[PDB]
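What follows is a single chain, given as structure tokens, in the form deposited in one PDB entry.
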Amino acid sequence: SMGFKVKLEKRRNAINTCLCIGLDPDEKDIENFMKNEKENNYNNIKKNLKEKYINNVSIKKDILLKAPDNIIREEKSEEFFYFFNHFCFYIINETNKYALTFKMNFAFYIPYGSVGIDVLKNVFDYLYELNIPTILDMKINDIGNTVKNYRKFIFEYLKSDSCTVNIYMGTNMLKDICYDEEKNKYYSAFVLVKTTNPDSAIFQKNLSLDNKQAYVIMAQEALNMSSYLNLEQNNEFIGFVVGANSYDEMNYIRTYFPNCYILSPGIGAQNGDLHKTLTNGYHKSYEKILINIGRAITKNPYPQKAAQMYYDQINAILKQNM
């Protein structure tokens, strides 16, 4: 067990990027994949079937290994499962060489009931086999007794490396998310600090304590809690979600918490500025500034090339900042 701090550093050394690929497939993405595959003689599924680690996923592997034409006539109930899982495998196979991390937003995997949670588990199994660091974006929050269920789901069942957390209820929830006292285990989390929605100022900026805006108070309390838990000693961390349209806050956070880990969504579909974001959030250890791109890759019909462009542009910008 490396610990997520170490997993990130080592993969950064191998692939020299901070691109975080977001995998948030929606119903139209899955439908479109099925339709295109049905028309292009299942070219991408056939490619997926040749990859080594498809043989290691834990749920309904023998369904996933069946030929598509046979799924449709013999395992029709499993059609949606099969195409949803294969869409995810396809995106991962096409793009993983460019990704420091993958982030999966739980919301996209739940709305069909159990079936998408089987897909989600298989996606985490597949990434684990590929040794790619993972983030589950679920924005979890509850009282201690309740949130230990999320710890189990995220860190034991999915074996995620990290997750996102909303600490507005308080910053003691992290004791039951990032630490398992009975097992002496430690896990990493990114807490929400400044988000990308257009009205994010209403609580994050307009509330304050002793003339520091709420987002700074929350960031500091999160770090206070990380220190309490001794995460960084155990190769784990609490970091910050700072939107990639929030340049002032990104600048402020990187200046006043010089060595914090930042996860930054909002470039591509939400129109954030890549150059400004990466420059204001820059750190020499650039795994500390994860640039998440979801729909601009997954809704691109040429996702390998989409991911490659972001990888190449991030690397150009990192070079300028170095």
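Start at 1 and count along the sequence shown; that's the residue number. We call the rigid core whatever largest set of C-alpha positions still superposes within 1.5 Å between the two forms.
Beyond what is shown, the protein has a form deposited in another entry; the following relates to that form.
Colleague: With the two forms superposed on the core, which of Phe153, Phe203, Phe80, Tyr128 shows a CA shift of 2 angstroms or more between the shown form and the other one?
Modeller: Just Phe203.
Colleague: Taking the rigid core as reference, does the Cα of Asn251 move 2 Å or more between the shown form and the other one?
Modeller: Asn251: C-alpha displaced by less than 2 Å between the shown form and the other one.
Colleague: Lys194: with the rigid core matched between the shown form and the other one, does its Cα shift 2 Å or more?
Modeller: Yes; that C-alpha moves by at least 2 Å between the shown form and the other one.
Colleague: Once the two forms are fit on the core, has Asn234 moved its CA by at least 2 Å between the shown form and the other one?
Modeller: Not so; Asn234 is displaced by less than 2 Å.
Colleague: What direction does the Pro198-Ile253 Cα distance move in the other entry compared with the shown chain, closer or farther, given a change of 3 Å or more?
Modeller: Closer is correct, given that in the other entry the C-alpha spacing of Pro198 to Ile253 is reduced by at least 3 Å.
Colleague: Quick one: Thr196 and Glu249 C-alpha atoms, closer or farther in the other entry compared with this form (3 angstroms or more)?
Modeller: Their C-alpha distance shrinks by at least 3 Å in the other entry.
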